[PDB]
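Here is the structure we will look at.
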Amino acid sequence: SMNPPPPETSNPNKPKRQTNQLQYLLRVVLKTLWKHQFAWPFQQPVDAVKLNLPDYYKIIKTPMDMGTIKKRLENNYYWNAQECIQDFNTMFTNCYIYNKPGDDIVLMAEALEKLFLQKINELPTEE
Ligand SMILES: Cc1nnc2[nH]nc(N)c2c1C
């Protein structure tokens, strides 16, 4: 029923890059999903105490959220775009695992994922 430590967003010994694909993941992908009317449940780690989800972290062992992704992008945490794309997919999958089909949070994730997929289809060529 307690919250775990959040996912890592800082690690000075992890090697980093600033690349056109990662810039697209911030400027297009994250910004598109973040401004959406359904973003709010996904803008920070799941707070199992506040939201009365005492079993969430019993079930979800690889937590992820757009607040974490935003910090990772803004603080140049990544080496490559695949790492960030995986974080988005982990976030959506966790929601689909934890919740019932057609629940409001699942419809919200699905709408964000539809936009995500459209933007990833247009991921720029690596320069
Ligand atoms: C991301 C997330 N996923 N599953 C959920 N179930 N109920 C919630 N409040 C909730 C949230 C915020």
Side-chain angles (χ1 to χ4, degrees), residues 1-26 28-81 83-99 101-127:
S1 62
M2 292 173 67
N3 292 313
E8 186 177 89
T9 53
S10 183
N11 178 359
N13 279 341
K14 179 181 190 297
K16 310 304 201 312
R17 296 192 298 179
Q18 198 177 126
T19 71
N20 70 293
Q21 288 188 339
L22 281 164
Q23 288 162 356
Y24 177 90
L25 278 155
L26 178 54
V28 174
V29 182
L30 176 74
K31 285 306 172 50
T32 291
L33 273 61
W34 188 272
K35 70 189 188 187
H36 191 278
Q37 67 178 32
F38 294 160
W40 57 274
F42 303 98
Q43 286 177 327
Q44 56 284 313
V46 169
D47 184 339
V49 177
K50 175 172 285 288
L51 294 167
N52 192 23
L53 309 175
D55 63 337
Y56 186 82
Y57 291 109
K58 183 69 184 181
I59 295 160
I60 299 304
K61 302 297 191 193
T62 308
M64 190 48 58
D65 65 279
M66 295 200 294
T68 298
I69 295 166
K70 179 171 190 289
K71 287 179 181 189
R72 288 179 173 193
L73 285 166
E74 290 179 346
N75 294 297
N76 301 122
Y77 179 81
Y78 298 115
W79 186 260
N80 68 34
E83 282 179 279
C84 179
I85 291 168
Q86 178 60 251
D87 287 344
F88 281 100
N89 280 317
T90 295
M91 179 183 80
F92 300 130
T93 299
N94 290 344
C95 185
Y96 304 148
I97 291 175
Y98 182 71
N99 297 283
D103 282 350
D104 285 338
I105 189 75
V106 171
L107 295 173
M108 293 166 95
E110 284 176 347
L112 296 175
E113 187 182 19
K114 179 175 183 185
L115 290 167
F116 171 78
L117 288 167
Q118 189 267 299
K119 302 311 179 188
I120 296 307
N121 184 65
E122 304 223 63
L123 184 71
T125 300
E126 268 185 304
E127 75 195 7

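In each ligand, atom 1 is the first atom listed, and ligand 1 is the first ligand listed. We number each residue from 1, following the sequence as shown. Quick note: numbers below take in every heavy atom, side chains included, and nothing from hydrogens, waters or symmetry partners.
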Ranked by distance from atom 9 (N) of ligand 1, the top protein heavy atom is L51 CD1, 3.7 Å
**Q.** 4.5 Å side-chain heavy-atom contact, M64 and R72
**A.** yes
Exercise. Is there a path from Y57 to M2 through hydrophobic residues (I, L, V, M, F, W, Y) whose side chains come within less than 4.5 Å of each other?
Worked result: no
Atoms of ligand 1 under 4.0 Å from any heavy atom of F42, numbered from 1 in the order shown, are 1 (C)
Atom 12 (C) of ligand 1 has as its nearest protein heavy atom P41 O, 3.5 Å
**Request:** Indicate whether the side chain of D55 and that of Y98 have a donor and an acceptor atom separated by less than 3.5 Å.
**Result:** yes
Discussion item. Ring-plane angle category for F38 and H36, please: parallel below 30°, perpendicular beyond 60°, tilted otherwise.
Written reply: tilted
Stacked cation flag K14 on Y77, 6.0 angstrom / 45 deg: yes
Restricting to heavy atoms, the pick from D104, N94, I105 nearest atom 11 (C) of ligand 1 would be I105
field: Test item: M66 and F88 side chains (from C-beta on) under 4.5 Å apart, heavy atoms
entry: yes
shortest atom 3 (N) of ligand 1-to-protein heavy-atom contact is with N99 ND2, 3.7 Å
For atom 1 (C) of ligand 1, the closest protein heavy atom turns out to be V46 CG2, 3.6 Å
If you scan protein heavy atoms around atom 7 (N) of ligand 1, the nearest is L53 CD1, 3.8 Å
